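Novice: chains from the complex, first installment, not repositioned:
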Amino acid sequence: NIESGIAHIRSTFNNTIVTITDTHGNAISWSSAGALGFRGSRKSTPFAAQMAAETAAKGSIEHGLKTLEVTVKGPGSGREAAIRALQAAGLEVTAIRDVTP
Amino acid sequence: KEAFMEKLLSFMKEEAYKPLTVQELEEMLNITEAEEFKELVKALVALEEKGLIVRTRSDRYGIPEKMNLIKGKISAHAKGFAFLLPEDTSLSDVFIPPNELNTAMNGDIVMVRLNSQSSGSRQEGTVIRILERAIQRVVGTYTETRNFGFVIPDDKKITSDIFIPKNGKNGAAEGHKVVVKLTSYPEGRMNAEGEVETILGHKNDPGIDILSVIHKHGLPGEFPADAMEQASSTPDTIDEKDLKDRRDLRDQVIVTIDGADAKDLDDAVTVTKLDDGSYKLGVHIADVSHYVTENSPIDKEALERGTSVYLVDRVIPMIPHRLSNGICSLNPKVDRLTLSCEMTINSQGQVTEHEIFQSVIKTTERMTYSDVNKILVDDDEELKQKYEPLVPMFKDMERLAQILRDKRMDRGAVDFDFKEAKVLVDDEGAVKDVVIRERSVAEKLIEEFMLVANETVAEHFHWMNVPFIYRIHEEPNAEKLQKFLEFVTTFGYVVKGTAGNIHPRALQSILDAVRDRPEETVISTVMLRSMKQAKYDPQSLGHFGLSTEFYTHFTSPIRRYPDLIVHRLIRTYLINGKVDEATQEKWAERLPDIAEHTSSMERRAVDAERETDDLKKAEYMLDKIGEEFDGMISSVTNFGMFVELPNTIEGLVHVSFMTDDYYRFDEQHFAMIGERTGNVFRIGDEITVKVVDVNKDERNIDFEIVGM
Amino acid sequence: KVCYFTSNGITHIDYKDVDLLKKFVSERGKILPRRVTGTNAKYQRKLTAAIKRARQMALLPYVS
Amino acid sequence: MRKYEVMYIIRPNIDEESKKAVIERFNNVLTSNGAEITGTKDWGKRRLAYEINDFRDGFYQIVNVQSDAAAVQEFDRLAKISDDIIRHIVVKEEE
């Protein structure tokens, strides 16, 4: 039972991974484009990122999250759609943070 | 897997089915687990692969086969291609190649078959059947050949010249603008044929440019003779009998505040400050419903017109100039009938008490917006001394408006404060100057006083629960607003909310953030392009833009027919007390047709108005060919970028004129990027342009980049 | 298109005056360019420093 | 001696008895090393713009002084050592 968390979005050109953690970076849940059985181009697309965010998010809501911080990594097209998918799943986004190395 | 696919297909094969997104299908099927959601997605993929369902480019799944098609409206282009606009606005546009139009013209309701292969980013289709024909009349320029004429259409979306047979000339000469009625449509290789219905004049004559536009949009010409007889018969003074059952307000300090050139003064106002610190606002509106009675000649014409139209060189009025400027106008220091809205307003801008009643006023003075500004803002001592008795009321008006505003903004109304052009023309209709229309304190005060009244009336009639007309603004398009939310995150502006459930305030926060930035004008503009248009409706569905539950138009019946109806319903329900079932059933039947019609006539008016502005802006820029201007990139496209000047004149930079590099459009960022140079022109960059070409007929301005 | 600090006659920018500096960062926290703000050169410098001090002292963020 | 401005942030997880002790300690450091405290604001517990040493807030103290380097230098030394003061800056007051 934790309410606040981070959603780490690694949007590459090939894929989008979405991990959700607590504030101490312990992993609540995750999804990815290829975990939802998208393959090739489709994993790259923002629709797969969107769906990856939802599935990561819906897993977090079971663990009883409400608010997110979001972190973005990588150049991919998924971050915009994926973020909206975290708002659309229900979880309010406090602040989004680009932490590209 | 197969049983699930059948169940989904059977559900979609129900007659009540409309095309739905993946999330809409999840909700409708009550899919709650993540594994059933995967099954839905794999099923939709498999069925879409088999061709049993079709995903539209708005990500909505529909059974083609019930269609294999989409019913929709043609939106043609001047290059010979078109787009289908589907009836379900939630669906995406289908591209139609020029060869696949099959004689369909702009506006025609068609049925389009969806092509199994797309050659590009959008879904392609073929026109199989034209259900309705939109274009019956065409304005254009007549041209004469040996044995026949042809008319070149002004609407460039009509890409083919209309054949005129020698008997269908009816007097038209070379270069005459003409109205053509279509006799036949295009078929195979044959062009459309038609007969000259009207000659407007030569294309080079003064004001045939504007007169063409009036005819293209089918805007109302002269008043009918019986309307002109009714208007002529109407008295130029009030009869003593009409003063019966009206509140005498002729001894009060009442004032109109309008433009200097305005002759149709709809509204007059008074503000008294009470001892407790609250304000008493009296809004007094021209009693047009008295003079123009139900089913009179002027009434039937006023419904057909729907609104007044305010073109560059002229106003086409909704009612004849004798009434509008004369007896209905709230002219200075003469007795005038008014339907009044009086409101007690506290220190928080809350209407505590109100009354709607018939009255007679005598306006103390006719003020302008410039004079009232000079008094309040510029602190002009000559004008204050001239209007010394009114100066105290003007200051209490200003404070009250500020209070109301604050309430309105707090409540979360969206202040969309953009720069509008005002084209100045001479008596001959030649363009003198294009200037920015500035909304001063005096306009924004009146505005507020018209808003609260409008809100007051609407709320009263909502709670009365009688058939009534509202002015609604529905929630924005979720797909359009989603894209807007993406667009603003590129500039760094992060919004709290989802596209399906956005509160107006959240939009206001953005417009506050971008204020006094270079990116203001465009984010503003793109936000606008995410909003729905506001329309009249019998139901009270609220007004998104004003963030209110109740809104109507009450305060301009001279120039708007829905305001004239509101007055008649006020008279019907409040004044006469006729709240009987038969009276209600009569109005409940007629308002939907009125609301739809008047809403159409407004949109028509706006389109024409704008079309004349763009023409006269183009006329202004003819002599500026070669001159450099500073401007801002208002829009970026695959073919080029639009640049708005300081006077709101917009022109294109075609990618051909970008000779320094091969520029690739980025759609996600809104930017043209040079491959080699790495120059990036984005929306909202300021640049210096030079005028290369201006086509007045086409209303085109072409720019080349001098520097960034 | 005028300088804040040349308009209002402000010779000394202070790092502590967080509100003032906050005008001159982007929403993300990045320093806003001179061309956007209209700042004078001189002050653009002063201002940059202050923000840089500010950010060090956690008054402002590096990445909002 | 020349004017400096010290600022520093005290960890947010202390009572006002402890806090005062800090201030007096570090005020004692400066005046002990030949400084003269000309001003002493207290900005009170602010939210930090980011999370310093796992604290999202802290108590800011802004000491003006006039002193030799030595004073400021000693302060800085001790400021670093101390766990109560989480961050600090000394700054010269530009003429």
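Specialist: Looks like it came in fine. Numbers count the residues shown, from 1 in each chain, chains lettered A, B, ... in the order given.

Novice: when you work out contacts or count neighbours from here on, use the C-alpha atoms and nothing else.
Specialist: OK.

Novice: and residue B:420, bridged to which residues?
Specialist: Beta-bridge pairing for residue B:420 (DSSP bridges): residue B:437.

Novice: just confirm it contacts residue B:439, I think it does.
Specialist: No. Using C-alpha atoms under 8 Å, residue B:420 is not in contact with residue B:439; the gap is 9.4 Å.

Novice: does the longest helix anywhere in chain A reach chain B?
Specialist: Secondary structure of chain A per DSSP state H: the longest helix is helix A:46-62. Yes. For helix A:46-62, a contact with chain B is found by C-alpha under 8 Å from any C-alpha of the partner chain, at residue A:55.

Novice: and that helix, what does it pack onto?
Specialist: strand A:16-21, strand A:27-32, helix A:78-88 (3 or more C-alpha pairs under 8 Å, 6 or more residues apart in numbering or on different chains; DSSP states H and E).

Novice: what lies in contact with it?
Specialist: Identification of contacts with helix A:46-62 by C-alpha atoms under 8 Å, 6 or more residues apart in numbering or on different chains yields A:11, A:15-20, A:28-33, A:35-36, A:38, A:42-43, A:77-86, A:89, A:91, B:34.

Novice: RNA strand E should go on the structure too:
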RNA sequence: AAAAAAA
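Specialist: With RNA strand E added, the chains above now look like this:
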């Protein structure tokens, strides 16, 4: 292109 509102 494309919003209110005003006119």
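
Novice: can I get the CA coordinates of the longest helix of chain A in PDB?
Specialist: What follows is helix A:46-62, C-alpha atoms only, in PDB (Å, rounded to 0.1, in the frame of the first residue of the first chain):
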ATOM      1  CA  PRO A  46       3.300   5.500 -29.700                       C
ATOM      2  CA  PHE A  47       0.200   3.300 -29.700                       C
ATOM      3  CA  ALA A  48       2.300   0.400 -28.200                       C
ATOM      4  CA  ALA A  49       3.900   2.900 -25.700                       C
ATOM      5  CA  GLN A  50       0.400   4.100 -24.800                       C
ATOM      6  CA  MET A  51      -0.700   0.500 -24.200                       C
ATOM      7  CA  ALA A  52       2.600  -0.300 -22.400                       C
ATOM      8  CA  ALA A  53       1.900   2.600 -20.000                       C
ATOM      9  CA  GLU A  54      -1.700   1.500 -19.300                       C
ATOM     10  CA  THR A  55      -0.600  -2.100 -18.500                       C
ATOM     11  CA  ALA A  56       2.200  -0.800 -16.200                       C
ATOM     12  CA  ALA A  57      -0.300   1.600 -14.700                       C
ATOM     13  CA  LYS A  58      -3.200  -0.800 -14.100                       C
ATOM     14  CA  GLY A  59      -0.700  -3.100 -12.300                       C
ATOM     15  CA  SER A  60       0.300  -0.100 -10.100                       C
ATOM     16  CA  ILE A  61      -3.400   0.700  -9.300                       C
ATOM     17  CA  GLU A  62      -3.700  -2.800  -7.800                       C
END
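
Novice: extend the structure above with RNA strand F:
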RNA sequence: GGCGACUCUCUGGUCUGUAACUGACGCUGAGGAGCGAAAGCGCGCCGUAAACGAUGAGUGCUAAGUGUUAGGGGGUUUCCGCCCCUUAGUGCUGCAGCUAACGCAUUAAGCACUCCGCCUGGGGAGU
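Specialist: Time to bring in RNA strand F:
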């Protein structure tokens, strides 16, 4: 050569203005000394560098137009702002002149004087 997080510590220079003081105390400068990439490599020697804006230093003189950096003065202007003049630097454009032409053109490659470096066909051979 080069130098971009912030603060403190020590320290070099430059520009403006005043003109109070000194009274030609200046300039150039072989050799010499010091600083000074890759590398070379053994951090130290090395030290050679399109370390070539392809353009020694100093001083004076010789049309204009326009931008920026840091100053000075006056004009209005409360000041902000504008306007003008001046100083130093950095830019573009362009007379006179110069140039084989290209170009340069008060940031000269113009007109001069001082002093220093350097060249005198290509190759052989930077052997």
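
Novice: list the buried residues in the longest helix of chain A.
Specialist: A:46-61 (16 or more other C-alpha atoms under 10 Å in any protein chain shown).

Novice: then stretch B:63-78?
Specialist: So for stretch B:63-78, counting by 16+ other C-alpha under 10 Å, buried means B:63-64, B:68-77.

Novice: for chain B, what's the nearest residue on chain D?
Specialist: residue D:49 (17.9 Å; C-alpha to the nearest C-alpha).

Novice: mind checking the SS state of that residue?
Specialist: What DSSP: H, G, I helix; E, B strand; the rest coil gives for residue D:49 is strand.

Novice: for it, list the residues it contacts.
Specialist: Applying C-alpha under 8 Å, 6+ apart to residue D:49 gives the contacts C:58-61, D:56.

Novice: what subset of those residues is buried?
Specialist: C:58-61.

Novice: ok, so of those residues, who is nearest chain B?
Specialist: residue C:61 (14.6 Å).

Novice: so residue B:594 sits in a helix?
Specialist: Yes. Remark: residue B:594 belongs to a helix, assigned using three-state DSSP.

Novice: ok, it - contacts?
Specialist: B:303, B:562.
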